[PDB]
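Q: One structure, pasted below without further comment.
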Amino acid sequence: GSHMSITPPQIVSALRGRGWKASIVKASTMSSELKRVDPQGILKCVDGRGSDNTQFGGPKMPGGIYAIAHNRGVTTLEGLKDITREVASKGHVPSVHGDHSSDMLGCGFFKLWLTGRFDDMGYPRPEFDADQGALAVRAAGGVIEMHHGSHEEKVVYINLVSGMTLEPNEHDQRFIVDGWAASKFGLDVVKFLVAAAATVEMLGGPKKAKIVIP
Ligand SMILES: [Cl-]
Ligand SMILES: [Zn+2]
């Protein structure tokens, strides 16, 4: 698809400029945690909470496949179904998620998007609600995952190691953003990463990041 027009040191610079604490960490220091992506795993949200997921090992993007629609300015249910099928055809099981406290509005990213919190960054709002979106993804062969508990993330990992990912730990949470996946889907990587950063910020998450590189 597209390529990383931005380097790791710059990502760190951009984040710090947004008021973040950021540093670069080598993949070799996480040999124990970095997992090769499993094609049977759902491409899911960066959310650090536990859930009822049984399809582990998939890439992590804000709102699951919503990160792709959001980055591309795709705002219709038909377009979302197209993306769902596209993701399935590209090696991952597509998904979106809700939670127990707010049901389908349980994904903070989609709620931020639907409510216009990305208005100032110039993003077109979706033209469907969280219930409509979830059911469209399901009807197109995707998965609706359900999270539980409170957001207790302590750090954000921005993984740039292609084909690998990190998994949720509900008792020692972290946001995980597979930046390499944005390139795989031809997304504007810089916008994707800035949106992921804004998401953590607006969800009142920790503005501390570790950028993982080969
Ligand atoms: Cl979420
Ligand atoms: Zn979410």
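Using the authors' numbering, the letters of the sequence shown correspond one by one to residues -3 to 0, 407 to 616.
Beta carbons: idealized from backbone N, C-alpha and C, even for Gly.
1. Could you name the residues, in chain order, whose CB is less than 5 angstroms away from a heavy atom belonging to ligand 2?
2. How long is the line joining the alpha carbons of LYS446 and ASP505, rounded to whole angstroms?
3. Report the residue from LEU605, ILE615 and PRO411 whose alpha carbon sits nearest the alpha carbon of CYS509.
4. What did DSSP end up calling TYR468 once you bin it into helix, strand or coil?
5. Tell me, to the nearest whole angstrom, how far the beta carbon of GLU547 is from that of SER497; I am working on the premise that it is less than 8 angstroms.
6. Grab the span of the beta strand (DSSP E) containing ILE613 for me, first residue to last.
7. Hey, which unbroken runs of the alpha helix (DSSP H) at 4 residues or more fall wholly within the segment 510 to 543?
8. Output needed for residue 619: all residues of its chain with C-beta closer than 8 angstroms, excluding positions within five of it in sequence on either side, in chain order.
A: Let me spell this out:
1. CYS447, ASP449, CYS509 and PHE511
2. 16 angstroms
3. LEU605
4. helix
5. 5 angstroms
6. 610 to 615
7. 510 to 516 and 532 to 541
8. Nothing can be reported for residue 619, as the shown portion of the chain is limited to -3 through 616.
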